[PDB]
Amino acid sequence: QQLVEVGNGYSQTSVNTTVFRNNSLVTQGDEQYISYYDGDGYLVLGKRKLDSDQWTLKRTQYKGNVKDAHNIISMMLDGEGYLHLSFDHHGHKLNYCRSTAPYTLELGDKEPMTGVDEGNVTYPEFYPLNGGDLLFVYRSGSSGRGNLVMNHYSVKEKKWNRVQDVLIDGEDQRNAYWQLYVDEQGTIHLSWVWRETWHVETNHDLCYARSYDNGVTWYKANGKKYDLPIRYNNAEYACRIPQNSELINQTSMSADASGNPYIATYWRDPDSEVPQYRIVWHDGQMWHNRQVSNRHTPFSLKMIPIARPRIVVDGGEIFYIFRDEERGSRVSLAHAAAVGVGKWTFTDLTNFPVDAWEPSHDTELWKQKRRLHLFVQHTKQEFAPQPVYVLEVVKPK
């Protein structure tokens, strides 16, 4: 299970290696693209042909505040091959750049998307849409509460338009933390936890919504159309998980070829001190939740000794990527041949620790080729810059 070295990246924080890099790594056609901060804080872009181990790197004109692990880089390609980059935010004015040509590691100047409510950004994320268009999501904090703002890029028009200004509504009462995925049909999947207070221990529940029409109209998994915006009272609950359950925020989710959502997270049971990894999914008929791990070591959120997970699905076959102090903080794989039967195997994918690392993966490679590639780097949360690798993952023997 092979480990392709890219270049040295910043390792003194987990900025290159958070679960919410959407994306760190992206394939189009026969090429794969990557982004990270180098040891000196510069935004580096890379590309390769997928059949090669040789990366072409470009140190761009931009830097980021690498001492803050929130200040991540997200990238994506549109249907014409232009790279879109957004980076370096913890409640700051939008940093957004496009490549100057398709398939080329040359960034233009920073530019607005719509110019509206772009003053206080955190957590930029890109998703591909049908027709080569893009979705952008970010957390806007300008109101005093983190609000989900969603834009659509038309690749033909070379233009961004707002889609949703108020999709999840905390009613000046509660907070919300979300993750998304665009499936192989072009449907946007959305899931989130609520948080009653400002403190992480009041994280509760997993809610869900989807949109088939690029974010305009929204549906529940049970088929009912949403009245917007989505509040505590009308949200579809994928799973109930109470406050003070060590429920974590900002994880990941995926979907299978049938458009069914799967959500990967962790929390602990009422009668346990031990948080466990979970999978929450809708099979076209109903919601399910299951425990993936069999941990025995407590921790509390009130660095975290386990990583927030990533998942990919192939017709009920599940690859569930994690990192855990119980397994020496290696890159680890929890694999299920069939999600519905719940027989999991556990396999370490690295023989060395990656400490603060959380997984991000090449979402488009998995969709287009059913190959699972991870962004892998040893980070901490003074440590010399460590190699960034791409690791291909296959089912275990």
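Throughout, we count residues from 1 along the sequence that is shown.
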Q. Is there a break between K302 and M303, and how many deposited residues does it span: none, 1 to 3, 4 to 9, or 10 or more?
A. 4 to 9
(Q) Please classify the coordinate gap between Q381 and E382 in terms of deposited residues: none, 1 to 3, 4 to 9, or 10 or more. (A) 4 to 9
Q. Would 255 to 263 or 97 to 105 have the larger average of its C-alpha temperature factors, as given in the entry?
A. 97 to 105
Q | Mean C-alpha temperature factor, higher of 48 to 56 and 62 to 70 | A | 48 to 56
Q: Compare the CA B factors listed in the entry for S191, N203, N161, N147 and report the winner.
A: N161
Q.
Comparing recorded Cα B-factors across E157, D78, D88, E196, which one is largest?
A. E157
Q. So where's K343 on the chain's Cα temperature factor ranking, which third?
A. highest
Q: Rank-wise, by C-alpha B-factor, drop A337 into the lowest, middle or highest third of its chain.
A: highest
Q. Hey, what third does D269 fall into on Cα B-factor, ranked over its chain?
A. highest
Q. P124's Cα B-factor: lowest, middle or highest third of the chain?
A. lowest
Q. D314: which third of its chain by C-alpha temperature factor?
A. highest
